[PDB]
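**Q** sequence first, structure after, both from an experimental entry:
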Amino acid sequence: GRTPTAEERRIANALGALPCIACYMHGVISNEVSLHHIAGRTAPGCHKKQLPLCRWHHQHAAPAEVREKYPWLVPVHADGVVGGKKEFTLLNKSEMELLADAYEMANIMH
Ligand SMILES: [Zn+2]
Ligand SMILES: [Zn+2]
């Protein structure tokens, strides 16, 4: 995609220092995260629109027995038939609502 601007780098770096924003709404502190693009990798400002997510909320489906205890622990990118944007939203919040939560936590004006 498009290389980030300096302002995008500053924002992304702030977001990337947060624990998983989806786990956080469930009271769980998951601090090993990667950034997830909500709105692609090319449009202006797209790199400001990223969520810090744990491995299980980003790309990996946890074992079913684990999801029985943590049913909201589903990846925003489907892994087989587990997760995807719609199921992730159902069990958490929309991506843009989580982005607002992340901005609040990182003390970024929004
Ligand atoms: Zn998580
Ligand atoms: Zn992603």
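**A** Received it, and whenever you're ready, just let me know what you need. Residues are numbered from 1 along each chain as shown. Ligands and ions are numbered 1, 2, ... in the order given.
**Q** any idea how far ligand 1 is from residue 104?
**A** For residue 104, the distance to ligand 1 under the criterion Cβ to the ion, to the nearest Å works out to 17 Å. (Each C-beta comes from the backbone N, C-alpha and C, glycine too.)
**Q** with residue 85 instead?
**A** Distance of residue 85 to ligand 1, given as Cβ to the ion: 15 Å.
**Q** quick one: that residue and residue 74 touch, right?
**A** No: taking Cβ atoms under 8 Å as the definition, residue 85 is not a contact partner of residue 74, at 10.2 Å.
**Q** the more surrounded of these two?
**A** residue 74 (24 against 14; other Cβ atoms under 10 Å).
**Q** ok, now how distant is the closest residue to that one other than its chain neighbours from ligand 1?
**A** Spatial nearest neighbour of residue 74, chain neighbours left out: residue 83 (4.1 Å); criterion: Cβ to Cβ, 6 or more residues apart in numbering. Here the criterion is Cβ to the ion. By it, residue 83 lies 12 Å from ligand 1.
**Q** quick check: closest non-adjacent residue to residue 47.
**A** Taking Cβ to Cβ, 6+ apart, and ignoring the residues beside it in sequence, residue 47 has residue 8 as its nearest neighbour in space, at 3.8 Å.
**Q** what helix or strand is the one you found on?
**A** When secondary structure is defined by DSSP states H and E, residue 8 falls within helix 6-16.
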